[PDB]
Structure formats: C-alpha cells, structure tokens
file protein_19.cif (mmCIF, N, CA and C atoms and all ligand atoms)
data_run
#
loop_
_atom_site.label_atom_id
_atom_site.label_comp_id
_atom_site.auth_asym_id
_atom_site.auth_seq_id
_atom_site.Cartn_x
_atom_site.Cartn_y
_atom_site.Cartn_z
N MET S 43 -16.71 -156.08 -127.38
CA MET S 43 -15.48 -155.74 -126.67
C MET S 43 -15.80 -155.35 -125.23
N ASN S 44 -14.99 -155.81 -124.28
CA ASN S 44 -15.24 -155.48 -122.89
C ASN S 44 -14.79 -154.06 -122.59
N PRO S 45 -15.47 -153.37 -121.68
CA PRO S 45 -14.95 -152.10 -121.17
C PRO S 45 -13.79 -152.36 -120.22
N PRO S 46 -12.99 -151.35 -119.89
CA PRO S 46 -12.07 -151.52 -118.78
C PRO S 46 -12.84 -151.87 -117.53
N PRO S 47 -12.22 -152.58 -116.59
CA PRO S 47 -12.92 -152.92 -115.34
C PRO S 47 -13.14 -151.68 -114.50
N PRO S 48 -14.01 -151.73 -113.50
CA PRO S 48 -14.21 -150.55 -112.66
C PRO S 48 -12.91 -150.20 -111.96
N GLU S 49 -12.73 -148.90 -111.68
CA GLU S 49 -11.54 -148.49 -110.96
C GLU S 49 -11.52 -149.14 -109.59
N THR S 50 -10.32 -149.51 -109.14
CA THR S 50 -10.15 -150.16 -107.85
C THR S 50 -9.16 -149.45 -106.94
N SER S 51 -8.42 -148.47 -107.45
CA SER S 51 -7.44 -147.77 -106.64
C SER S 51 -7.39 -146.32 -107.07
N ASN S 52 -7.10 -145.46 -106.13
CA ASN S 52 -6.90 -144.06 -106.47
C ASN S 52 -5.96 -143.48 -105.43
N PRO S 53 -4.75 -143.10 -105.83
CA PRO S 53 -3.78 -142.61 -104.84
C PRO S 53 -4.20 -141.32 -104.18
N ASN S 54 -5.16 -140.59 -104.77
CA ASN S 54 -5.60 -139.31 -104.22
C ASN S 54 -6.74 -139.43 -103.22
N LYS S 55 -7.45 -140.55 -103.19
CA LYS S 55 -8.57 -140.69 -102.26
C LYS S 55 -8.06 -140.86 -100.84
N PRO S 56 -8.65 -140.17 -99.87
CA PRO S 56 -8.27 -140.40 -98.47
C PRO S 56 -8.65 -141.82 -98.07
N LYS S 57 -7.96 -142.32 -97.05
CA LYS S 57 -8.16 -143.70 -96.62
C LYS S 57 -8.46 -143.77 -95.13
N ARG S 58 -9.32 -144.71 -94.77
CA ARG S 58 -9.56 -144.99 -93.38
C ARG S 58 -9.91 -146.46 -93.22
N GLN S 59 -9.69 -146.97 -92.01
CA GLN S 59 -10.02 -148.34 -91.66
C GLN S 59 -11.06 -148.35 -90.54
N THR S 60 -12.22 -148.93 -90.82
CA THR S 60 -13.32 -149.02 -89.87
C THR S 60 -13.60 -150.48 -89.59
N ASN S 61 -14.28 -150.74 -88.48
CA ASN S 61 -14.64 -152.11 -88.15
C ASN S 61 -15.56 -152.69 -89.20
N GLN S 62 -16.45 -151.87 -89.76
CA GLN S 62 -17.38 -152.37 -90.76
C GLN S 62 -16.65 -152.73 -92.05
N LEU S 63 -15.72 -151.87 -92.50
CA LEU S 63 -14.98 -152.21 -93.71
C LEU S 63 -14.13 -153.46 -93.52
N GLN S 64 -13.49 -153.60 -92.35
CA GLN S 64 -12.71 -154.80 -92.07
C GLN S 64 -13.58 -156.04 -92.10
N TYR S 65 -14.78 -155.96 -91.52
CA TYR S 65 -15.69 -157.11 -91.53
C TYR S 65 -16.18 -157.42 -92.93
N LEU S 66 -16.43 -156.38 -93.73
CA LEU S 66 -16.85 -156.61 -95.12
C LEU S 66 -15.81 -157.41 -95.90
N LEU S 67 -14.52 -157.16 -95.65
CA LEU S 67 -13.48 -157.91 -96.35
C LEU S 67 -13.22 -159.27 -95.71
N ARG S 68 -12.99 -159.31 -94.39
CA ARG S 68 -12.51 -160.50 -93.72
C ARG S 68 -13.60 -161.53 -93.48
N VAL S 69 -14.86 -161.10 -93.46
CA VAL S 69 -15.99 -162.00 -93.21
C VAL S 69 -16.91 -162.07 -94.43
N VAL S 70 -17.44 -160.94 -94.87
CA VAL S 70 -18.49 -160.95 -95.90
C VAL S 70 -17.91 -161.40 -97.24
N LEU S 71 -16.93 -160.67 -97.76
CA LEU S 71 -16.32 -161.06 -99.04
C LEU S 71 -15.75 -162.47 -98.96
N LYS S 72 -15.03 -162.78 -97.88
CA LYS S 72 -14.41 -164.10 -97.75
C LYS S 72 -15.44 -165.22 -97.82
N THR S 73 -16.56 -165.08 -97.08
CA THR S 73 -17.60 -166.11 -97.08
C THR S 73 -18.24 -166.25 -98.46
N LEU S 74 -18.57 -165.13 -99.09
CA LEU S 74 -19.23 -165.23 -100.38
C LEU S 74 -18.30 -165.84 -101.42
N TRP S 75 -17.01 -165.49 -101.36
CA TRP S 75 -16.05 -165.95 -102.36
C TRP S 75 -15.96 -167.46 -102.38
N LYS S 76 -16.12 -168.09 -101.23
CA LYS S 76 -15.98 -169.53 -101.13
C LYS S 76 -17.25 -170.28 -101.48
N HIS S 77 -18.38 -169.58 -101.63
CA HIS S 77 -19.66 -170.21 -101.89
C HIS S 77 -19.65 -170.97 -103.21
N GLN S 78 -20.43 -172.07 -103.23
CA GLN S 78 -20.52 -172.93 -104.41
C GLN S 78 -20.91 -172.16 -105.67
N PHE S 79 -21.65 -171.06 -105.54
CA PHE S 79 -22.12 -170.32 -106.70
C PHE S 79 -21.32 -169.07 -106.97
N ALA S 80 -20.17 -168.90 -106.32
CA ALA S 80 -19.45 -167.64 -106.44
C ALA S 80 -18.73 -167.46 -107.76
N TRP S 81 -18.36 -168.54 -108.44
CA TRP S 81 -17.41 -168.41 -109.54
C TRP S 81 -17.85 -167.47 -110.67
N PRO S 82 -19.12 -167.40 -111.10
CA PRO S 82 -19.47 -166.44 -112.17
C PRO S 82 -19.32 -165.00 -111.75
N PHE S 83 -19.20 -164.76 -110.46
CA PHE S 83 -19.18 -163.40 -109.91
C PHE S 83 -17.80 -163.00 -109.41
N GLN S 84 -16.78 -163.82 -109.62
CA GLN S 84 -15.45 -163.56 -109.08
C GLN S 84 -14.59 -162.63 -109.94
N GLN S 85 -15.07 -162.20 -111.09
CA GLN S 85 -14.32 -161.36 -112.01
C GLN S 85 -15.30 -160.64 -112.89
N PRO S 86 -14.88 -159.55 -113.54
CA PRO S 86 -15.78 -158.87 -114.46
C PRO S 86 -16.31 -159.84 -115.50
N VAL S 87 -17.59 -159.67 -115.86
CA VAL S 87 -18.18 -160.43 -116.96
C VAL S 87 -17.37 -160.19 -118.22
N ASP S 88 -16.85 -161.27 -118.80
CA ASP S 88 -16.06 -161.17 -120.03
C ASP S 88 -16.99 -161.55 -121.18
N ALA S 89 -17.53 -160.54 -121.85
CA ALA S 89 -18.55 -160.77 -122.88
C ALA S 89 -17.97 -161.47 -124.09
N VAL S 90 -16.68 -161.27 -124.36
CA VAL S 90 -16.03 -161.98 -125.46
C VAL S 90 -15.91 -163.47 -125.14
N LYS S 91 -15.28 -163.81 -124.01
CA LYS S 91 -15.13 -165.22 -123.65
C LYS S 91 -16.47 -165.92 -123.53
N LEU S 92 -17.46 -165.26 -122.92
CA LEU S 92 -18.75 -165.87 -122.63
C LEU S 92 -19.72 -165.82 -123.80
N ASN S 93 -19.33 -165.23 -124.93
CA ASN S 93 -20.20 -165.05 -126.09
C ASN S 93 -21.51 -164.36 -125.70
N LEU S 94 -21.39 -163.22 -125.02
CA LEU S 94 -22.54 -162.40 -124.64
C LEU S 94 -22.38 -161.03 -125.30
N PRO S 95 -22.61 -160.94 -126.61
CA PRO S 95 -22.27 -159.70 -127.33
C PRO S 95 -23.13 -158.51 -126.95
N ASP S 96 -24.24 -158.72 -126.26
CA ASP S 96 -25.12 -157.64 -125.85
C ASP S 96 -24.96 -157.28 -124.38
N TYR S 97 -24.06 -157.95 -123.65
CA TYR S 97 -24.00 -157.76 -122.20
C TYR S 97 -23.79 -156.30 -121.83
N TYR S 98 -22.77 -155.67 -122.43
CA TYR S 98 -22.45 -154.29 -122.10
C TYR S 98 -23.31 -153.28 -122.86
N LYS S 99 -24.25 -153.74 -123.70
CA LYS S 99 -25.31 -152.87 -124.17
C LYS S 99 -26.43 -152.77 -123.15
N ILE S 100 -26.58 -153.78 -122.30
CA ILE S 100 -27.63 -153.83 -121.29
C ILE S 100 -27.12 -153.39 -119.92
N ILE S 101 -25.89 -153.76 -119.58
CA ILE S 101 -25.32 -153.52 -118.27
C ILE S 101 -24.33 -152.36 -118.40
N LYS S 102 -24.74 -151.20 -117.89
CA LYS S 102 -23.89 -150.02 -117.96
C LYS S 102 -23.14 -149.73 -116.67
N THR S 103 -23.46 -150.42 -115.58
CA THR S 103 -22.74 -150.30 -114.32
C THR S 103 -22.28 -151.70 -113.88
N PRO S 104 -21.32 -152.30 -114.59
CA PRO S 104 -20.84 -153.63 -114.19
C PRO S 104 -20.19 -153.62 -112.81
N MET S 105 -20.32 -154.74 -112.11
CA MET S 105 -19.64 -154.92 -110.83
C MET S 105 -19.50 -156.41 -110.56
N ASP S 106 -18.47 -156.77 -109.81
CA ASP S 106 -18.14 -158.17 -109.54
C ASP S 106 -17.34 -158.23 -108.24
N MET S 107 -17.23 -159.44 -107.69
CA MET S 107 -16.56 -159.59 -106.39
C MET S 107 -15.05 -159.43 -106.49
N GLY S 108 -14.45 -159.71 -107.65
CA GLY S 108 -13.03 -159.43 -107.78
C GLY S 108 -12.74 -157.95 -107.63
N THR S 109 -13.54 -157.12 -108.30
CA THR S 109 -13.46 -155.68 -108.13
C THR S 109 -13.71 -155.28 -106.68
N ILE S 110 -14.75 -155.85 -106.05
CA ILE S 110 -15.07 -155.47 -104.66
C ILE S 110 -13.92 -155.84 -103.74
N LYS S 111 -13.35 -157.03 -103.93
CA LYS S 111 -12.17 -157.42 -103.15
C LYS S 111 -11.05 -156.41 -103.30
N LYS S 112 -10.75 -156.00 -104.53
CA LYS S 112 -9.67 -155.03 -104.74
C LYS S 112 -10.01 -153.69 -104.10
N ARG S 113 -11.26 -153.25 -104.23
CA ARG S 113 -11.63 -151.97 -103.60
C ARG S 113 -11.43 -152.01 -102.09
N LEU S 114 -11.88 -153.08 -101.43
CA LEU S 114 -11.68 -153.19 -99.99
C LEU S 114 -10.20 -153.22 -99.64
N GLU S 115 -9.42 -154.03 -100.36
CA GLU S 115 -8.00 -154.17 -100.03
C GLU S 115 -7.21 -152.91 -100.26
N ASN S 116 -7.62 -152.09 -101.22
CA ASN S 116 -6.91 -150.87 -101.53
C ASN S 116 -7.40 -149.69 -100.70
N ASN S 117 -8.33 -149.91 -99.77
CA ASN S 117 -8.98 -148.83 -99.03
C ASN S 117 -9.65 -147.82 -99.97
N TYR S 118 -10.17 -148.32 -101.08
CA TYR S 118 -10.90 -147.50 -102.03
C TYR S 118 -12.20 -146.98 -101.43
N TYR S 119 -12.86 -147.77 -100.58
CA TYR S 119 -14.12 -147.39 -99.96
C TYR S 119 -13.87 -146.58 -98.70
N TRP S 120 -14.58 -145.47 -98.57
CA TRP S 120 -14.55 -144.72 -97.33
C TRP S 120 -15.73 -145.08 -96.44
N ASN S 121 -16.88 -145.34 -97.05
CA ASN S 121 -18.10 -145.70 -96.35
C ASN S 121 -18.47 -147.14 -96.66
N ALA S 122 -18.82 -147.89 -95.60
CA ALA S 122 -19.32 -149.25 -95.77
C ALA S 122 -20.48 -149.30 -96.77
N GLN S 123 -21.30 -148.25 -96.84
CA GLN S 123 -22.41 -148.25 -97.78
C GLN S 123 -21.95 -148.33 -99.23
N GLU S 124 -20.78 -147.78 -99.55
CA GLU S 124 -20.28 -147.88 -100.92
C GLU S 124 -20.08 -149.33 -101.30
N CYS S 125 -19.54 -150.11 -100.37
CA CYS S 125 -19.29 -151.52 -100.64
C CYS S 125 -20.60 -152.30 -100.74
N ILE S 126 -21.52 -152.07 -99.80
CA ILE S 126 -22.84 -152.70 -99.87
C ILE S 126 -23.54 -152.40 -101.19
N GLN S 127 -23.44 -151.15 -101.66
CA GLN S 127 -24.05 -150.76 -102.93
C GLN S 127 -23.43 -151.52 -104.10
N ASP S 128 -22.12 -151.74 -104.06
CA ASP S 128 -21.47 -152.52 -105.12
C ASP S 128 -21.96 -153.96 -105.14
N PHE S 129 -22.13 -154.58 -103.97
CA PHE S 129 -22.71 -155.93 -103.95
C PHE S 129 -24.11 -155.90 -104.54
N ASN S 130 -24.93 -154.91 -104.14
CA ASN S 130 -26.27 -154.81 -104.70
C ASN S 130 -26.23 -154.65 -106.22
N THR S 131 -25.30 -153.83 -106.73
CA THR S 131 -25.20 -153.64 -108.17
C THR S 131 -24.87 -154.97 -108.86
N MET S 132 -23.95 -155.73 -108.28
CA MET S 132 -23.61 -157.04 -108.84
C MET S 132 -24.83 -157.96 -108.93
N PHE S 133 -25.58 -158.08 -107.83
CA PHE S 133 -26.75 -158.96 -107.85
C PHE S 133 -27.80 -158.47 -108.84
N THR S 134 -28.12 -157.17 -108.78
CA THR S 134 -29.13 -156.65 -109.70
C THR S 134 -28.70 -156.70 -111.16
N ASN S 135 -27.41 -156.55 -111.47
CA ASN S 135 -26.98 -156.72 -112.86
C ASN S 135 -27.35 -158.10 -113.38
N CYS S 136 -27.20 -159.13 -112.53
CA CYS S 136 -27.56 -160.48 -112.93
C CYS S 136 -29.07 -160.58 -113.18
N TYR S 137 -29.86 -159.96 -112.32
CA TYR S 137 -31.32 -160.00 -112.53
C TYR S 137 -31.72 -159.21 -113.78
N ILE S 138 -31.03 -158.10 -114.06
CA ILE S 138 -31.33 -157.30 -115.25
C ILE S 138 -31.01 -158.06 -116.52
N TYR S 139 -29.80 -158.62 -116.61
CA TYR S 139 -29.40 -159.21 -117.87
C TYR S 139 -30.14 -160.51 -118.15
N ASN S 140 -30.43 -161.28 -117.10
CA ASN S 140 -31.09 -162.58 -117.25
C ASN S 140 -32.58 -162.43 -116.94
N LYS S 141 -33.25 -163.54 -116.67
CA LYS S 141 -34.71 -163.52 -116.56
C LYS S 141 -35.14 -164.34 -115.36
N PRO S 142 -36.31 -164.04 -114.79
CA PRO S 142 -36.79 -164.82 -113.65
C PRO S 142 -36.81 -166.31 -113.97
N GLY S 143 -36.30 -167.12 -113.04
CA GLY S 143 -36.23 -168.56 -113.19
C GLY S 143 -34.95 -169.10 -113.81
N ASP S 144 -34.10 -168.26 -114.40
CA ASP S 144 -32.84 -168.75 -114.93
C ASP S 144 -31.97 -169.27 -113.79
N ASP S 145 -31.18 -170.31 -114.09
CA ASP S 145 -30.29 -170.89 -113.08
C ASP S 145 -29.37 -169.83 -112.48
N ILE S 146 -28.78 -168.99 -113.33
CA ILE S 146 -27.82 -168.00 -112.82
C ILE S 146 -28.52 -166.99 -111.92
N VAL S 147 -29.81 -166.72 -112.16
CA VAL S 147 -30.59 -165.85 -111.29
C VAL S 147 -30.86 -166.51 -109.94
N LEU S 148 -31.20 -167.81 -109.95
CA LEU S 148 -31.35 -168.54 -108.69
C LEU S 148 -30.04 -168.54 -107.91
N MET S 149 -28.91 -168.66 -108.61
CA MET S 149 -27.62 -168.65 -107.93
C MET S 149 -27.34 -167.30 -107.31
N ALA S 150 -27.58 -166.23 -108.06
CA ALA S 150 -27.39 -164.90 -107.52
C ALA S 150 -28.30 -164.67 -106.32
N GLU S 151 -29.55 -165.14 -106.40
CA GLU S 151 -30.48 -164.97 -105.29
C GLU S 151 -29.97 -165.67 -104.04
N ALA S 152 -29.36 -166.86 -104.20
CA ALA S 152 -28.81 -167.56 -103.04
C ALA S 152 -27.61 -166.81 -102.45
N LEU S 153 -26.75 -166.27 -103.32
CA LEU S 153 -25.64 -165.45 -102.82
C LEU S 153 -26.14 -164.20 -102.14
N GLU S 154 -27.17 -163.56 -102.70
CA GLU S 154 -27.72 -162.35 -102.09
C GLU S 154 -28.31 -162.66 -100.71
N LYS S 155 -29.01 -163.79 -100.57
CA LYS S 155 -29.57 -164.12 -99.26
C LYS S 155 -28.47 -164.32 -98.22
N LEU S 156 -27.39 -165.00 -98.60
CA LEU S 156 -26.25 -165.16 -97.70
C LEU S 156 -25.62 -163.81 -97.40
N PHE S 157 -25.43 -162.98 -98.42
CA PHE S 157 -24.93 -161.63 -98.19
C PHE S 157 -25.76 -160.90 -97.14
N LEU S 158 -27.09 -160.94 -97.25
CA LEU S 158 -27.93 -160.23 -96.29
C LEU S 158 -27.79 -160.81 -94.89
N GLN S 159 -27.68 -162.14 -94.78
CA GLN S 159 -27.43 -162.76 -93.48
C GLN S 159 -26.13 -162.27 -92.86
N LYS S 160 -25.07 -162.12 -93.67
CA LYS S 160 -23.79 -161.69 -93.11
C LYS S 160 -23.79 -160.21 -92.75
N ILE S 161 -24.42 -159.35 -93.56
CA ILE S 161 -24.37 -157.92 -93.25
C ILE S 161 -25.31 -157.58 -92.11
N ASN S 162 -26.27 -158.46 -91.81
CA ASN S 162 -27.05 -158.31 -90.58
C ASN S 162 -26.17 -158.27 -89.34
N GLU S 163 -24.98 -158.88 -89.38
CA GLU S 163 -24.09 -158.92 -88.23
C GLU S 163 -22.91 -157.97 -88.35
N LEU S 164 -23.02 -156.96 -89.22
CA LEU S 164 -22.03 -155.90 -89.29
C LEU S 164 -21.76 -155.36 -87.89
N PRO S 165 -20.49 -155.22 -87.49
CA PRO S 165 -20.19 -154.68 -86.15
C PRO S 165 -20.51 -153.20 -86.08
N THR S 166 -20.64 -152.72 -84.85
CA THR S 166 -20.88 -151.32 -84.57
C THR S 166 -19.56 -150.63 -84.28
N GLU S 167 -19.64 -149.42 -83.72
CA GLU S 167 -18.46 -148.64 -83.34
C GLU S 167 -17.48 -148.46 -84.49
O1 LIG H 201 -19.60 -166.30 -116.50
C1 LIG H 201 -20.00 -167.32 -115.95
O2 LIG H 201 -19.12 -167.86 -115.30
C2 LIG H 201 -21.42 -167.81 -116.07
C3 LIG H 201 -21.85 -168.98 -115.45
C4 LIG H 201 -23.18 -169.40 -115.55
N1 LIG H 201 -23.50 -170.61 -114.87
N2 LIG H 201 -24.65 -171.09 -114.94
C5 LIG H 201 -24.90 -172.26 -114.23
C6 LIG H 201 -23.94 -172.84 -113.40
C7 LIG H 201 -24.25 -174.03 -112.67
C8 LIG H 201 -25.51 -174.61 -112.76
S1 LIG H 201 -25.87 -175.97 -111.91
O3 LIG H 201 -25.24 -177.11 -112.54
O4 LIG H 201 -25.18 -175.80 -110.67
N3 LIG H 201 -27.44 -176.14 -111.67
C9 LIG H 201 -28.27 -175.29 -110.97
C10 LIG H 201 -27.80 -174.32 -110.08
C11 LIG H 201 -28.68 -173.50 -109.40
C12 LIG H 201 -30.05 -173.64 -109.58
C13 LIG H 201 -30.50 -174.61 -110.45
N4 LIG H 201 -29.63 -175.40 -111.13
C14 LIG H 201 -26.45 -174.01 -113.60
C15 LIG H 201 -26.15 -172.84 -114.32
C16 LIG H 201 -24.12 -168.68 -116.29
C17 LIG H 201 -23.76 -167.49 -116.93
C18 LIG H 201 -22.43 -167.03 -116.85
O5 LIG H 201 -22.06 -165.89 -117.46
#
call {"tool": "encode", "arguments": {"input": "protein_19.cif", "output": "structure tokens", "more": "lines below"}}
Ligand SMILES: O=C(O)c1cc(/N=N/c2ccc(S(=O)(=O)Nc3ccccn3)cc2)ccc1O
result
Amino acid sequence: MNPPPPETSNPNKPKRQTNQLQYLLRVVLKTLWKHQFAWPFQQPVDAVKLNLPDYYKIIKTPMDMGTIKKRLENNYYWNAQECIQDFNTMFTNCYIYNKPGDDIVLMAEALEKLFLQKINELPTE
C-alpha cells in the first residue's frame, strides 16, 4: 500500500518569493520535467501499480518532481536549499532502491547531471 504523498501545502507556513525559488520553478523544474527520462519521476512512486511491494520498506523519504512542482507553486519552500534537497532525495532514492548499472539509475544520473548544470546558474540577489 502506498503512503500518502509528501505534504505540499500548509496554510500556516509563511511565504516569500525569491529570485532563486522563481528560477527553480520556471527554469530548473520546467527543464527537467520535459527531459526524455523525466516520466518515472513526475509523480510519487506507486508501488501497487508498479508491482514494487518492497519499495516503501526501503524508501522512507519518498520524493518526486510532481511533489516538488506543487511545493514551489504553493510557496511551500522558504529556502532554495529545501528544494535542492528534495531533488537530491529524489535522485538518491532511485540509487538506493535500484543498483549500479540499472537503466533507471543511468536515467536518474542523466537527470541529476542536468539538474547540477541548471543550478550552477542560480541567480543571485
Ligand atoms: O515508474 C516508472 O515509471 C518506472 C520506469 C522505469 N523505466 N525504466 C526504463 C525506461 C526506459 C528505458 S530505455 O528504453 O529508454 N533504455 C535505456 C535508457 C537509459 C539507459 C539505458 N537504456 C529503460 C528503462 C523503471 C522503473 C520505474 O519504476
């Protein structure tokens, strides 16, 4: 059985808009979402649909780009680092659950390399 997805909104959290958060949504998330390998990462891992009955026994901090998109859009993140950490969690979850050399690991590695290229150009101020 799948867990509920990660929280994406909280009416009590303070909100702010920074140039880095705007770039994370309008550039970073947008670019990764369109990538040829993005589709397995566009929504929470559905262990029932995918027949992965051990997924949530191994992965205790699930994360995905659909969740990250919602967090950015809802102003859930206060610090750009929170969003960067969620992307890192997504990539590392793939490396944890799978094994070196698996196709899905190669795909995650390619998305991670593109992610690092884009966050290298995070704006200042
Ligand atoms: O949930 C998903 O959508 C999901 C998708 C997965 N896709 N695996 C794939 C998807 C595509 C390919 S591929 O046809 O493009 N071949 C490839 C791709 C990269 C490197 C080497 N070979 C190879 C494996 C693997 C696990 C998953 O859970």
call {"tool": "residues_near_point", "arguments": {"input": "protein_19.cif", "point": "(-21.4, -154.8, -105.6)", "cutoff": "8 Å", "atoms": "all atoms listed in the file", "output": "MDAnalysis selection string"}}
result
chainID S and resid 104:107 109:110 124:134
call {"tool": "atom_distance", "arguments": {"input": "protein_19.cif", "atom1": "atom CA of residue 150 of chain S", "atom2": "atom N of residue 97 of chain S"}}
result
17.9 Å
call {"tool": "residues_near_ligand", "arguments": {"input": "protein_19.cif", "ligand": "ligand LIG 201 (chain H)", "cutoff": "12 Å", "atoms": "only C-alpha atoms and all ligand atoms", "output": "count of residues only"}}
result
39
call {"tool": "residues_near_point", "arguments": {"input": "protein_19.cif", "point": "(-7.0, -152.0, -111.0)", "cutoff": "12 Å", "atoms": "only C-alpha atoms", "output": "PDB file with N, CA and C atoms, keeping the file's coordinate frame"}}
result
ATOM      1  N   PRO S  46     -12.990-151.350-119.890  1.00  0.00           N
ATOM      2  CA  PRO S  46     -12.070-151.520-118.780  1.00  0.00           C
ATOM      3  C   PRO S  46     -12.840-151.870-117.530  1.00  0.00           C
ATOM      4  N   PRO S  47     -12.220-152.580-116.590  1.00  0.00           N
ATOM      5  CA  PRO S  47     -12.920-152.920-115.340  1.00  0.00           C
ATOM      6  C   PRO S  47     -13.140-151.680-114.500  1.00  0.00           C
ATOM      7  N   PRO S  48     -14.010-151.730-113.500  1.00  0.00           N
ATOM      8  CA  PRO S  48     -14.210-150.550-112.660  1.00  0.00           C
ATOM      9  C   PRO S  48     -12.910-150.200-111.960  1.00  0.00           C
ATOM     10  N   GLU S  49     -12.730-148.900-111.680  1.00  0.00           N
ATOM     11  CA  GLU S  49     -11.540-148.490-110.960  1.00  0.00           C
ATOM     12  C   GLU S  49     -11.520-149.140-109.590  1.00  0.00           C
ATOM     13  N   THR S  50     -10.320-149.510-109.140  1.00  0.00           N
ATOM     14  CA  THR S  50     -10.150-150.160-107.850  1.00  0.00           C
ATOM     15  C   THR S  50      -9.160-149.450-106.940  1.00  0.00           C
ATOM     16  N   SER S  51      -8.420-148.470-107.450  1.00  0.00           N
ATOM     17  CA  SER S  51      -7.440-147.770-106.640  1.00  0.00           C
ATOM     18  C   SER S  51      -7.390-146.320-107.070  1.00  0.00           C
ATOM     19  N   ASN S  52      -7.100-145.460-106.130  1.00  0.00           N
ATOM     20  CA  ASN S  52      -6.900-144.060-106.470  1.00  0.00           C
ATOM     21  C   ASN S  52      -5.960-143.480-105.430  1.00  0.00           C
ATOM     22  N   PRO S  53      -4.750-143.100-105.830  1.00  0.00           N
ATOM     23  CA  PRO S  53      -3.780-142.610-104.840  1.00  0.00           C
ATOM     24  C   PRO S  53      -4.200-141.320-104.180  1.00  0.00           C
ATOM     25  N   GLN S  85     -15.070-162.200-111.090  1.00  0.00           N
ATOM     26  CA  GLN S  85     -14.320-161.360-112.010  1.00  0.00           C
ATOM     27  C   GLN S  85     -15.300-160.640-112.890  1.00  0.00           C
ATOM     28  N   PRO S  86     -14.880-159.550-113.540  1.00  0.00           N
ATOM     29  CA  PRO S  86     -15.780-158.870-114.460  1.00  0.00           C
ATOM     30  C   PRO S  86     -16.310-159.840-115.500  1.00  0.00           C
ATOM     31  N   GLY S 108     -14.450-159.710-107.650  1.00  0.00           N
ATOM     32  CA  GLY S 108     -13.030-159.430-107.780  1.00  0.00           C
ATOM     33  C   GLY S 108     -12.740-157.950-107.630  1.00  0.00           C
ATOM     34  N   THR S 109     -13.540-157.120-108.300  1.00  0.00           N
ATOM     35  CA  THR S 109     -13.460-155.680-108.130  1.00  0.00           C
ATOM     36  C   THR S 109     -13.710-155.280-106.680  1.00  0.00           C
ATOM     37  N   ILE S 110     -14.750-155.850-106.050  1.00  0.00           N
ATOM     38  CA  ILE S 110     -15.070-155.470-104.660  1.00  0.00           C
ATOM     39  C   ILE S 110     -13.920-155.840-103.740  1.00  0.00           C
ATOM     40  N   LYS S 111     -13.350-157.030-103.930  1.00  0.00           N
ATOM     41  CA  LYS S 111     -12.170-157.420-103.150  1.00  0.00           C
ATOM     42  C   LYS S 111     -11.050-156.410-103.300  1.00  0.00           C
ATOM     43  N   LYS S 112     -10.750-156.000-104.530  1.00  0.00           N
ATOM     44  CA  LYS S 112      -9.670-155.030-104.740  1.00  0.00           C
ATOM     45  C   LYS S 112     -10.010-153.690-104.100  1.00  0.00           C
ATOM     46  N   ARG S 113     -11.260-153.250-104.230  1.00  0.00           N
ATOM     47  CA  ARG S 113     -11.630-151.970-103.600  1.00  0.00           C
ATOM     48  C   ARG S 113     -11.430-152.010-102.090  1.00  0.00           C
ATOM     49  N   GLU S 115      -9.420-154.030-100.360  1.00  0.00           N
ATOM     50  CA  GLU S 115      -8.000-154.170-100.030  1.00  0.00           C
ATOM     51  C   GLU S 115      -7.210-152.910-100.260  1.00  0.00           C
ATOM     52  N   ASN S 116      -7.620-152.090-101.220  1.00  0.00           N
ATOM     53  CA  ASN S 116      -6.910-150.870-101.530  1.00  0.00           C
ATOM     54  C   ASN S 116      -7.400-149.690-100.700  1.00  0.00           C
ATOM     55  N   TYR S 118     -10.170-148.320-101.080  1.00  0.00           N
ATOM     56  CA  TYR S 118     -10.900-147.500-102.030  1.00  0.00           C
ATOM     57  C   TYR S 118     -12.200-146.980-101.430  1.00  0.00           C
TER      58      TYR S 118
END
call {"tool": "atom_distance", "arguments": {"input": "protein_19.cif", "atom1": "atom C of residue 121 of chain S", "atom2": "atom N of residue 102 of chain S"}}
result
22.5 Å
call {"tool": "residues_around", "arguments": {"input": "protein_19.cif", "residues": "segment 55-60 of chain S", "least_positions_apart": "6", "cutoff": "8 Å", "atoms": "only C-alpha atoms", "output": "compact mmCIF listing (two decimals) with N, CA and C atoms, keeping the file's coordinate frame"}}
result
# COMPACT_ATOMS: atom_id res chain seq x y z
N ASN S 117 -8.33 -149.91 -99.77
CA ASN S 117 -8.98 -148.83 -99.03
C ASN S 117 -9.65 -147.82 -99.97
N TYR S 118 -10.17 -148.32 -101.08
CA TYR S 118 -10.90 -147.50 -102.03
C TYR S 118 -12.20 -146.98 -101.43
N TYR S 119 -12.86 -147.77 -100.58
CA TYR S 119 -14.12 -147.39 -99.96
C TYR S 119 -13.87 -146.58 -98.70
N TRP S 120 -14.58 -145.47 -98.57
CA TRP S 120 -14.55 -144.72 -97.33
C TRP S 120 -15.73 -145.08 -96.44
call {"tool": "atom_distance", "arguments": {"input": "protein_19.cif", "atom1": "atom C of residue 68 of chain S", "atom2": "atom CA of residue 45 of chain S"}}
result
29.3 Å
call {"tool": "closest_residue", "arguments": {"input": "protein_19.cif", "among": "S:114, S:43, S:101, S:164", "to": "residue 71 of chain S", "atoms": "only C-alpha atoms"}}
result
S:114
call {"tool": "select_by_dssp", "arguments": {"input": "protein_19.cif", "residues": "segment 104-146 of chain S", "states": "helix (DSSP H, G or I)", "output": "PyMOL selection string"}}
result
chain S and resi 107-115+122-139+145-146
call {"tool": "decode", "arguments": {"input": "protein_19.cif", "residues": "segment 128-151 of chain S", "atoms": "C-alpha atoms", "output": "short mmCIF file (atom, residue, chain, number, x, y, z; two decimals), in the first residue's frame"}}
result
data_model
loop_
_atom_site.label_atom_id
_atom_site.label_comp_id
_atom_site.auth_asym_id
_atom_site.auth_seq_id
_atom_site.Cartn_x
_atom_site.Cartn_y
_atom_site.Cartn_z
CA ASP S 128 14.20 17.43 -2.34
CA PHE S 129 15.74 16.96 -5.79
CA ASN S 130 18.72 15.25 -4.14
CA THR S 131 16.36 12.99 -2.17
CA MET S 132 14.58 12.01 -5.39
CA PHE S 133 17.82 11.08 -7.17
CA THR S 134 19.30 9.24 -4.20
CA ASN S 135 16.06 7.30 -3.60
CA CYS S 136 16.50 5.88 -7.12
CA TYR S 137 20.11 4.92 -6.37
CA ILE S 138 19.08 3.35 -3.03
CA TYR S 139 16.22 1.24 -4.33
CA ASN S 140 17.96 0.12 -7.54
CA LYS S 141 21.54 -0.96 -8.25
CA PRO S 142 24.59 0.39 -10.09
CA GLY S 143 24.19 -0.12 -13.85
CA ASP S 144 20.39 -0.37 -13.90
CA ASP S 145 18.76 1.59 -16.72
CA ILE S 146 16.65 3.64 -14.29
CA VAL S 147 19.84 4.54 -12.38
CA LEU S 148 21.52 5.71 -15.60
CA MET S 149 18.42 7.78 -16.31
CA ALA S 150 18.44 9.35 -12.86
CA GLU S 151 22.16 10.08 -13.24
#
